[PDB]
Amino acid sequence: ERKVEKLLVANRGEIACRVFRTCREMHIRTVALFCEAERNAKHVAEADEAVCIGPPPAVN
Amino acid sequence: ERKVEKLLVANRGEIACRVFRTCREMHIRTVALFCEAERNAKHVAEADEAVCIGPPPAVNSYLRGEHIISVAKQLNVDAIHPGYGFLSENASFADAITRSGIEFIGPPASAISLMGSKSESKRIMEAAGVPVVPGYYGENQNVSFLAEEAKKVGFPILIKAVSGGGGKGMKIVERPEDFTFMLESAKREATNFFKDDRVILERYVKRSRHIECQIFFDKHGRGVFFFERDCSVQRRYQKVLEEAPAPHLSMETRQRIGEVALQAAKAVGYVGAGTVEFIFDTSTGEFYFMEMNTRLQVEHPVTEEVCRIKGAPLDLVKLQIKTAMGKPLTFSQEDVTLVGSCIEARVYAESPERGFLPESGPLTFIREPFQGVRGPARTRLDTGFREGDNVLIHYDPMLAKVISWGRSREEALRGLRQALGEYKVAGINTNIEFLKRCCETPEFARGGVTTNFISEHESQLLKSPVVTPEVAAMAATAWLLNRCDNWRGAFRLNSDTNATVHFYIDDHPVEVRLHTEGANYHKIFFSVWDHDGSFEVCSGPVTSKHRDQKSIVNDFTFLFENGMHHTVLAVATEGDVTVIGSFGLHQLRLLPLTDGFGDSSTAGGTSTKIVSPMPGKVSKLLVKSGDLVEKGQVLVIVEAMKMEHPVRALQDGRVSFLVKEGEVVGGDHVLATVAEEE
């Protein structure tokens with residue numbers, strides 16, 4: 001099998017925090033994603049690293 | 001039996017808090033002890049009363065056993081627990097406590113005295129019949145005697161010598177039926193290493209792994225051995241990481257380790273808690289006695305995670321008080337069962353890059369790992385220091401102990417990894433990076449490590465992450481902002497701002513330049529090691545206006561253009577900038593630029609120095625010729641009508657005298673030439 005130590009999340013919101021939490025118990029790293037601004041949001045304050053992706057519209 | 005309501009502690013540190021805690025559950029009083037100052041320490045803030053004992057040196061503090069006993073008598077103390085170190089191993093102190101009537105906690109003085117000398121101790125165990133590997137048999141009376149007992153007393157051949165660690169007489173001669181090379185090897189060893197011609201033969205073991213079983217005894221003839229332990233990992237005779245369940249140890253053996261251990265303790269007679277240490281070779285498959293300690297170890301809470309008595313959690317210190325109570329036990333060796341695995345590691349306030357030399361400094365910020373249960377594992381941290389405390393050079397460098405109990409070894413080891421990573425301290429370099437390096441790359445997850453395991457992998461270890469050019473960007477920025485309004489309200493004309501920081505990374509100065517374009521404090525760039533980029537930075541609340549030695553601890557956010565974002569708690573000072581984040585911890589030393597700013601004189605100072613007025617009559621010159629004079633001492637004192645008027649020259653460099661005391665000299669004479677030391 002293949003080892004996992006880094007977890008990536010696509011969406012934002014309740015699911016981000018839920019996926020992030022259990023991850024702590026499995027002792028796995030976390031990564032967050034956020035749109036323009038949207039950096040004070042909680043999920044990013046819960047992960048290990050966050051990356052900005054671009055303009056607010058869901059296309060972008 | 002005798003009632004106990006007052007408990008006395010000798011030593012200081014983690015053991016003080018541990019002994020103090022359980023005491024609360026038994027509902028017993030507490031007393032603390034502290035050296036000069038050392039009154040803000042935690043343990044004293046945990047007890048009921050604390051007493052100062054005297055000067056910092058260990059001779060002055062915690063060694064005046066008679067004074068401690070008199071103070072305890074004045075307090076009408078019920079019991080004393082020495083702990084480990086100081087008077088932990090001193091039979092006179094225990095005897096004096098017994099004469100005073102206080103219940104000493106530990107073995108009787110006779111056992112400590114007997115085990116103080118190695119020869120008489122090994123004599124006692126040899127009489128008892130425990131398999132013991134001795135250090136010597138007779139002497140080299142005859143060379144044929146070597147062949148006589150080579151295949152007799154000990155088939156494995158340990159030639160060595162009477163003393164000295166050179167050991168060239170060994171030659172690693174593990175092959176029996178050797179008779180023409182062993183004598184030649186011994187005779188070539190005698191050359192240039194004569195010492196005493198006596199030679200001792202022993203068994204030679206190829207591999208060594210340390211084992212140490214625990215034991216407990218009441219005073220009513222009843223005891224039970226705890227689970228074994230492993231101390232294979234140790235550097236320079238210092239414990240590093242240990243495991244209570246010796247991985248790869250058959251149950252049957254466990255049982256037997258006990259029967260041997262109980263025989264030895266009964267033979268000498270023993271009360272309280274103790275530990276027997278063995279030495280083991282995998283190839284032979286047998287264990288031979290090496291040493292025992294009649295004192296509670298530091299590794300007691302470790303073995304606890306792998307033993308339960310009557311289904312209940314075990315407390316080792318509890319029983320020792322109950323043993324002192326005179327009550328008899330309640331359980332046989334059976335009620336105790338092991339459950340799961342655990343690992344331990346010690347953190348030392350030393351510098352791994354350096355010669356593991358202790359460092360003393362204030363504790364700026366101390367992260368605390370989550371000490372709660374989650375997943376399939378229990379992780380705990382015990383620390384004898386807190387925020388605002390300072391490390392004392394007199395004491396050993398010892399911060400905290402981290403233990404990861406688990407249902408399986410894997411869970412335990414994995415748990416630690418994350419915890420070891422999480423705990424963070426700022427202010428003094430630690431070996432925490434070393435321990436993590438000891439855990440990741442070495443394939444000791446299998447469980448087989450020898451006593452010398454640390455020695456071979458020293459090349460692999462002693463390795464730390466490389467400071468990326470980005471790390472300098474956040475570190476450099478914090479020092480400015482965490483010192484002043486640099487880049488705050490700044491403004492120039494038809495131009496743009498610029499400010500630079502110099503870092504003395506390793507032995508090479510490092511320059512980082514930061515500047516802005518537009519009307520934006522937010523948009524910032526950087527150029528370090530010929531690497532350029534852009535980022536934005538958003539700070540937090542401004543704190544620590546007094547900017548003392550602790551300086552300012554603030555959180556930072558950095559949005560680099562590529563797209564990332566970071567959070568960094570930076571406690572920056574003039575000496576260094578410390579940044580802690582997902583990268584880890586890194587402290588960058590700022591290029592030092594100090595050199596008697598003012599007094600920087602390279603003048604030759606050839607002549608016409610400390611000239612005296614007309615009357616002259618020099619005398620009482622108190623400076624040696626050709627000795628450096630940087631501070632302005634009285635080079636020459638001349639008297640003019642009772643006018644000493646000392647010249648007090650401050651020109652740096654050695655001063656050369658051309659005059660002698662009592663010699664009348666003319667006006668403005670060259671009494672001495674104050675020249676730079678050449």
# chains A, B, ... in the order shown; residues from 1 in each chain; ligands from 1

$ residues_around --residues "stretch 377-381 of chain B" --least-positions-apart "2" --cutoff "9 Å" --atoms "only C-alpha atoms" --output "list in words"
residues 342, 368, 369, 370, 371, 372, 373, 374, 375, 383, 400, 401, 402, 403, 404, 405, 406, 407, 408, 411, 412, 415, 416 and 419 of chain B

$ interface_residues --of "chain A" --to "chain B" --cutoff "7 Å" --atoms "only C-alpha atoms" --output "mmCIF file with N, CA and C atoms, in the first residue's frame"
data_model
loop_
_atom_site.group_PDB
_atom_site.id
_atom_site.type_symbol
_atom_site.label_atom_id
_atom_site.label_comp_id
_atom_site.auth_asym_id
_atom_site.auth_seq_id
_atom_site.Cartn_x
_atom_site.Cartn_y
_atom_site.Cartn_z
ATOM 1 N N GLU A 25 -6.441 13.182 14.857
ATOM 2 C CA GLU A 25 -6.377 11.896 15.549
ATOM 3 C C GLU A 25 -5.554 10.881 14.785
ATOM 4 N N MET A 26 -5.703 10.848 13.472
ATOM 5 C CA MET A 26 -4.882 9.960 12.674
ATOM 6 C C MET A 26 -3.458 10.471 12.603
ATOM 7 N N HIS A 27 -3.219 11.656 13.139
ATOM 8 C CA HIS A 27 -1.891 12.240 13.100
ATOM 9 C C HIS A 27 -1.411 12.521 11.674
ATOM 10 N N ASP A 48 -2.614 23.409 8.567
ATOM 11 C CA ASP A 48 -1.188 23.648 8.730
ATOM 12 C C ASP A 48 -0.676 24.678 7.734
ATOM 13 N N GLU A 49 -1.301 24.729 6.556
ATOM 14 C CA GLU A 49 -0.914 25.672 5.505
ATOM 15 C C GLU A 49 -2.116 25.983 4.614
ATOM 16 N N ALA A 50 -2.241 27.207 4.131
ATOM 17 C CA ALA A 50 -3.354 27.596 3.279
ATOM 18 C C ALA A 50 -2.835 28.343 2.059
ATOM 19 N N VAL A 51 -3.530 28.177 0.936
ATOM 20 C CA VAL A 51 -3.133 28.774 -0.336
ATOM 21 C C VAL A 51 -4.318 29.524 -0.927
ATOM 22 N N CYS A 52 -4.080 30.747 -1.389
ATOM 23 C CA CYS A 52 -5.095 31.517 -2.097
ATOM 24 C C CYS A 52 -5.174 31.059 -3.546
ATOM 25 N N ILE A 53 -6.390 31.021 -4.084
ATOM 26 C CA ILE A 53 -6.619 30.429 -5.404
ATOM 27 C C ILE A 53 -7.107 31.420 -6.450
#

$ atom_distance --atom1 "atom CA of residue A:30" --atom2 "atom CA of residue B:439"
21.5 Å

$ atom_distance --atom1 "atom CA of residue B:364" --atom2 "atom CA of residue B:544"
12.5 Å

$ atom_distance --atom1 "atom CA of residue B:228" --atom2 "atom CA of residue B:331"
18.5 Å

$ residues_around --residues "residue A:14" --least-positions-apart "6" --cutoff "10 Å" --atoms "only C-alpha atoms" --output "ChimeraX atom specification"
/A:20,42-43

$ write_last_selection --atoms "N, CA, C and O atoms" --output "tab-separated table (two decimals), in the first residue's frame"
chain	number	residue	atom	x	y	z
A	20	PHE	N	-10.72	18.28	8.68
A	20	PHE	CA	-9.50	18.66	9.38
A	20	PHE	C	-9.40	18.02	10.76
A	20	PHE	O	-8.33	17.58	11.16
A	42	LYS	N	-12.27	30.39	9.60
A	42	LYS	CA	-11.80	29.45	10.61
A	42	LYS	C	-11.00	28.31	10.06
A	42	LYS	O	-9.95	27.97	10.59
A	43	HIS	N	-11.46	27.74	8.96
A	43	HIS	CA	-10.79	26.53	8.50
A	43	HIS	C	-9.30	26.75	8.29
A	43	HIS	O	-8.48	25.88	8.64
